[PDB]
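Q: Sending over a structure as structure tokens; questions will come in a sec.
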Amino acid sequence: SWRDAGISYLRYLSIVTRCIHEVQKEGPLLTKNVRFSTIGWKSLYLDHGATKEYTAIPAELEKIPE
Amino acid sequence: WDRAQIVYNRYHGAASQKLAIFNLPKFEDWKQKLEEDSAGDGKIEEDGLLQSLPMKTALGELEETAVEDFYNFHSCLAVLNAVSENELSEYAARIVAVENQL
Amino acid sequence: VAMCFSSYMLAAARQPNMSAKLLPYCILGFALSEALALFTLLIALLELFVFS
Amino acid sequence: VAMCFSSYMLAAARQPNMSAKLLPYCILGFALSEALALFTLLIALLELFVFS
Amino acid sequence: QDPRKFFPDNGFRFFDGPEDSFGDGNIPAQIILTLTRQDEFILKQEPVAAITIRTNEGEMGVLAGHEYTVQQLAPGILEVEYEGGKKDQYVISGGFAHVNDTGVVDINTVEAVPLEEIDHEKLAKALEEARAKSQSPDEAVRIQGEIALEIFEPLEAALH
Numbered sequence: 002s003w004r005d006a007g008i009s010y011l012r013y014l015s016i017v018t019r020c021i022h023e024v025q026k027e028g029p030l031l032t033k034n035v036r037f038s039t040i041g042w043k044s045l046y047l048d049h050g051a052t053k054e055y056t057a058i059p060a061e062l063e064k065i066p067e
Numbered sequence: 154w155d156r157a158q159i160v161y162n163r164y165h166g167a168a169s170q171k172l173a174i175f176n177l178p179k180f181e182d183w184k185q186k187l188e189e190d191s192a193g194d195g196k197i198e199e200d201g202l203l204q205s206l207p208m209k210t211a212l213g214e215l216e217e218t219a220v221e222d223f224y225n226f227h228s229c230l231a232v233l234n235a236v237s238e239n240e241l242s243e244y245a246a247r248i249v250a251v252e253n254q255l
Numbered sequence: 053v054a055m056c057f058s059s060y061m062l063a064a065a066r067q068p069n070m071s072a073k074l075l076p077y078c079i080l081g082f083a084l085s086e087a088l089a090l091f092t093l094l095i096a097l098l099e100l101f102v103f104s
Numbered sequence: 053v054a055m056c057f058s059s060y061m062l063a064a065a066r067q068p069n070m071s072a073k074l075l076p077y078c079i080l081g082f083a084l085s086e087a088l089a090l091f092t093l094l095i096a097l098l099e100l101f102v103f104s
Numbered sequence: 017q018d019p020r021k022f023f024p025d026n027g028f029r030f031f032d033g034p035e036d037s038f039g040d041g042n043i044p045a046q047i048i049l050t051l052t053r054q055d056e057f058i059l060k061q062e063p064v065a066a067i068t069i070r071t072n073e074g075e076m077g078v079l080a081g082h083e084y085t086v087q088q089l090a091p092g093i094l095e096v097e098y099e100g101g102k103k104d105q106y107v108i109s110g111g112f113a114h115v116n117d118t119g120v121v122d123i124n125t126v127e128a129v130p131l132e133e134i135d136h137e138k139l140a141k142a143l144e145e146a147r148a149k150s151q152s153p154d155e156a157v158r159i160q161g162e163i164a165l166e167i168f169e170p171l172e173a174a175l176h
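Residue numbers (the entry's author numbering), protein chains in the order written: chain I, 2 to 67; chain G, 154 to 255; chain S, 53 to 104; chain R, 53 to 104; chain H, 17 to 176.
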């Protein structure tokens, strides 16, 4: 199962949460809850003077860190 | 890492946004301290701290992967509370640092 | 007999704090579970050495 | 016997740092169990080498 | 340099955890429940008569004075039963239940929504998607469909 595939317990929880957010009815509660599953964040690190993404740990849940 | 000090801003009130810390141990060290404190009797060594010897036994009843998940889950909740408190502290201190600008 | 002591180990592993309060009952069981064995041995030693 | 030793193993696996305090009780139960065998072994050797 | 101008507080100290008890000799009559999604509670120390949780080992049922046990929550339903005989079902996404001998329950989760906020029509669509995803030979999709089906099957069983 997903355990030896490498994804952690917390990504599994977040995926189950995303599924619960999918199924539930249209209403104010879904409007509050979609915020708690959507992916908007990033990582970044400073070069000598410029910004650069640290894309080794992805935000999307299907993927696996390396 | 052997210890993670998560710094954040605690919102005590609209005029009070103080500092706060979560000193997270390492997993292997946390497990060893859990065993060493589950063996001996329950005695608090610091005022305001709670005894949790039955918890530190029942977690011994819990399997290994579940204990790792326990650690990661609670550390995640700690980080989340830190982010939420700093969000609110930002939005509360910005008003003060804007009315003085005005 | 050893079921008793084994259980004491399991309990003291679960709750070491309680170990001191568990040791009496352990011994108590052993004081009697073994006694029956003696009452099973006594016959075998009372059957042979006195009956012709 | 083996129940006693198995329990010691599982207890130490549940609480290693208690392994020193549980090992005595183990031995105790062990020996006494073994002692019964010896008596059961005494008769079987007391019943042939002396009785006519 | 100023000698340590700052002296930050520990944030743990701003919470009020229960203190466990040995040998109290008194059994609680009704538990004190506390359910929490990501950060916010939905219930704060409510008197409750009974509660019923789901785990990987199986379904458990907790009453007052239940033994101290800490364990996972398998993703499924969660039944609360008040002293008035009514009930309240909540769907969850994992967590950890912390029971107390004195009678306290902290069910900390990532999500908590009542069944009343869920519709079978919208669920039926997700089912075949997760299933066919489990059929697709690919580690990226198979595990995701398996997890989605794992959360959906108890819902499809309970709504009926």
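We put the CB at the ideal spot given by N, CA and C, even for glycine.
Under 8 angstroms Cβ to Cβ from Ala-231(G), same chain only, skipping five residues before and after it: list those, please.
A: For the purposes of this step, residue 231(G) is taken as the residue at position 78 of the second sequence. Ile-159, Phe-175, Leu-177.
Q: List, in chain order, every chain S residue whose beta-carbon is nearer than 8 angstroms to that of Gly-201(G).
A: As a working mapping, residue 201(G) is identified with position 48 in the second sequence. Going along chain S, no residue has its Cβ under 8 angstroms from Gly-201(G), so there is no contact; the nearest lies around 22 angstroms.
Q: With distances taken between CB atoms, is the gap from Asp-55(H) to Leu-233(G) smaller than 8 angstroms?
A: Taking the fifth sequence and counting its residues from 1, one reaches residue 55(H) at position 39. Taking the second sequence and counting its residues from 1, one reaches residue 233(G) at position 80. It is a contact, given that the beta carbons lie within the stated cut-off.
Q: Candidates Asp-190(G), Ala-167(G), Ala-173(G): which alpha carbon is nearest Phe-31(H)'s?
A: For the purposes of this step, residue 31(H) is identified with residue 15 of the fifth sequence, where counting begins at 1. Looking at the Cα atoms, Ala-173(G) is the closest of the given residues.
Q: Roughly how many angstroms separate the alpha carbons of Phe-57(S) and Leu-62(R), rounded to a whole number?
A: Your numbering for residue 57(S) matches position 5 in the third sequence. Your numbering for residue 62(R) matches position 10 in the fourth sequence. Taking the straight line from one Cα to the other gives about 13 angstroms.
Q: Under 6 angstroms Cβ to Cβ from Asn-34(I), same chain only, skipping five residues before and after it: list those, please.
A: Taking the first residue of the first sequence as position 1, residue 34(I) is located at position 33. Result list for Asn-34(I): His-22, in chain order.
Q: Tell me the rounded alpha-carbon separation between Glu-61(I) and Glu-172(H).
A: The residue labelled residue 61(I) in the question sits at position 60 within the first sequence. The residue labelled residue 172(H) in the question sits at position 156 within the fifth sequence. If you take the alpha carbons of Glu-61(I) and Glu-172(H), they lie about 27 angstroms apart.
Q: If contact is defined by three or more beta carbon pairs under 8 angstroms, each pair taking one atom from either stretch, is the segment 98-117 of chain H in contact with the segment 33-51 of chain H?
A: Touching, yes, given that three or more Cβ pairs across the two stretches are closer than 8 angstroms.
Q: Return the chain-ordered list of same chain residues with a C-beta closer than 8 angstroms to the C-beta of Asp-25(H), the five sequence neighbours on each side being excluded.
A: Here residue 25(H) refers to the residue found at position 9 of the fifth sequence. Within the same chain, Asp-25(H) has no close Cβ partners at all.
Q: In terms of residue numbering, what span does the beta strand (DSSP E) encompassing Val-107(H) cover?
A: In the fifth sequence, counting from the first residue as 1, residue 107(H) sits at position 91. Here the beta strand (DSSP E) through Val-107(H) covers 103-108.
Q: Note down, in chain order, every chain H residue with its Cβ under 9 angstroms from the Cβ of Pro-178(G).
A: The count along the second sequence starts at 1 and reaches residue 178(G) at position 25. Going along chain H, no residue has its Cβ under 9 angstroms from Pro-178(G), so there is no contact; the nearest lies around 12 angstroms.
Q: Could you name the residues of chain I that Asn-234(G) contacts, counting a contact when the two beta carbons are closer than 7 angstroms?
A: If you number the second sequence from 1, residue 234(G) lands on position 81. Going along chain I, no residue has its Cβ under 7 angstroms from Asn-234(G), so there is no contact; the nearest lies around 14 angstroms.
Q: Could you check whether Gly-74(H) and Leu-89(H) sit closer than 8 angstroms to each other, using their CB atoms as the reference points?
A: In the fifth sequence, counting from the first residue as 1, residue 89(H) sits at position 73. In the fifth sequence, counting from the first residue as 1, residue 74(H) sits at position 58. No, they are not a contact pair.
Q: Return the CA-CA distance between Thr-68(H) and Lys-103(H), expressed in angstroms with no decimal places.
A: Within the fifth sequence, numbered from 1, the residue matching residue 68(H) stands at position 52. Within the fifth sequence, numbered from 1, the residue matching residue 103(H) stands at position 87. Roughly 11 angstroms separates the two Cα atoms.
Q: Report the partner residues of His-49(I) according to the DSSP bridge assignment.
A: Residue 49(I) sits at position 48 when you count from the first residue of the first sequence. Answer is none; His-49(I) lacks a bridge partner.
Q: Pull out every residue of the segment 236-251 of chain G whose Cβ sits closer than 9 angstroms to any Cβ of chain I, in chain order.
A: If the cut-off is 9 angstroms between Cβ atoms, the segment 236-251 of chain G has nothing near chain I.
Q: For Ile-65(I), collect the residues of the same chain with a Cβ closer than 8 angstroms to its Cβ; drop the 5 residues on either side in sequence, then sort them by chain order.
A: Here residue 65(I) refers to the residue found at position 64 when the first sequence is read from its first residue. Closer than 8 angstroms at the Cβ level, and outside the excluded window around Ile-65(I), lie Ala-6, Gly-7, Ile-8.
Q: Assuming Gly-81(H) and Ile-43(H) form a contact by the criterion Cβ under 8 angstroms, report the distance between their Cβ atoms to the nearest whole angstrom.
A: Your numbering for residue 81(H) matches position 65 in the fifth sequence. Your numbering for residue 43(H) matches position 27 in the fifth sequence. Contact holds; Cβ gap of about 4 angstroms.
Q: Kindly indicate which residue of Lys-171(G), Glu-181(G), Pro-207(G) has the alpha-carbon position closest to the one of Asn-239(G).
A: Numbered from 1 along the second sequence, position 86 holds the residue referred to as residue 239(G). When each option's Cα is compared against that of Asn-239(G), the closest is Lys-171(G).
Q: I'd like the list of long-range same chain contacts for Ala-64(S), defined as Cβ closer than 6 angstroms, with 5 residues on each side in sequence excluded.
A: What you label residue 64(S) is simply residue 12 of the third sequence in a count that begins at 1. Result list for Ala-64(S): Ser-71, in chain order.
Q: Can the beta-carbon of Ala-146(H) be found closer than 8 angstroms to that of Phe-168(H)?
A: Against the fifth sequence, residue 146(H) aligns to sequence position 130. Against the fifth sequence, residue 168(H) aligns to sequence position 152. Result yes, Cβ atoms of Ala-146(H) and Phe-168(H) sit closer than 8 angstroms.
Q: List the residues of chain H whose Cβ lies closer than 8 angstroms to the Cβ of residue 1(I), in chain order.
A: Only positions 2 to 67 of chain I appear in this structure, which leaves residue 1(I) out of reach.
Q: Are the beta-carbon atoms of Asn-225(G) and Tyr-10(I) separated by less than 8 angstroms?
A: For the purposes of this step, residue 225(G) is identified with residue 72 of the second sequence, where counting begins at 1. For the purposes of this step, residue 10(I) is identified with residue 9 of the first sequence, where counting begins at 1. It is a contact, given that the beta carbons lie within the stated cut-off.
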